[PDB]
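Undergrad: quick one: experimental structure and sequence below.
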Amino acid sequence: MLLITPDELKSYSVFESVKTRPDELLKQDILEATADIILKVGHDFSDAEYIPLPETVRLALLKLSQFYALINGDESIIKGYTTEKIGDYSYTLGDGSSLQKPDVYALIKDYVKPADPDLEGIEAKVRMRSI
């Protein structure tokens, strides 16, 4: 599971909403952000033997997290009065903009489910882990 500090988000995010947001929440939000990335790549970094944190993901999550956290604790942005945090055409800004998710697809596009066969280093680890 994503392991990015909530403070680090505010560190890069110069948003009061993101700043105000408590770490306790920032966590839930951050995780909620990864849920998207994880869905985008259709993979969840669980295996401790495969939990990379490139500038792309970190940035992708930082942006996503910054986006949501931004439309999370703001003035009085509209949102599913009886719904949860999503990524629709909601989050009406004070100006009247449909602030939607950011563009980090290209960021994860680097770590997006590629089109590779089962040629990857398989039957190698096991062969060893077995020994």
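TA: Noted; the coordinates are in hand. Numbering: from 1, shown residues only.

Undergrad: these two touch, right, residue 99 and residue 74?
TA: No - using C-beta atoms under 8 Å, residue 99 is not in contact with residue 74; the gap is 9.3 Å. C-beta: built from backbone N, CA, C; applies to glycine.

Undergrad: which residues are in contact with residue 54?
TA: Applying C-beta atoms under 8 Å, 6 or more residues apart in numbering to residue 54 gives the contacts 110, 111.

Undergrad: could I get the full set of helices for the protein?
TA: In the chain, the segments counted as helices under DSSP state H are 6-12, 16-20, 23-41, 55-70, 105-108, 125-130.

Undergrad: which of the ones you listed has the highest mean neighbour count?
TA: helix 55-70 (a mean of 22; mean count of other C-beta atoms under 10 Å).

Undergrad: got the contact list for the nearest residue to residue 51 once chain neighbours are set aside?
TA: Spatial nearest neighbour of residue 51, excluding adjacent residues (C-beta to C-beta, 6 or more residues apart in numbering): residue 45 at 4.6 Å. For residue 45, the contacting residues are 1, 2, 38, 51, 52, by C-beta under 8 Å, 6+ apart.

Undergrad: nearest to residue 130 among those?
TA: Nearest to residue 130 among those is residue 51, at 23.2 Å by C-beta to C-beta.

Undergrad: burial count for the closest one?
TA: 11 (other C-beta atoms under 10 Å).

Undergrad: thinking again about what came up before, reformat the helices of the chain as a markdown table; add distance to residue 84.
TA: Below are these laid out as a markdown table (distance: least, C-beta to C-beta, whole Å):
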| stretch | distance to residue 84 |
| --- | --- |
| helix 6-12 | 19 |
| helix 16-20 | 18 |
| helix 23-41 | 9 |
| helix 55-70 | 11 |
| helix 105-108 | 22 |
| helix 125-130 | 39 |
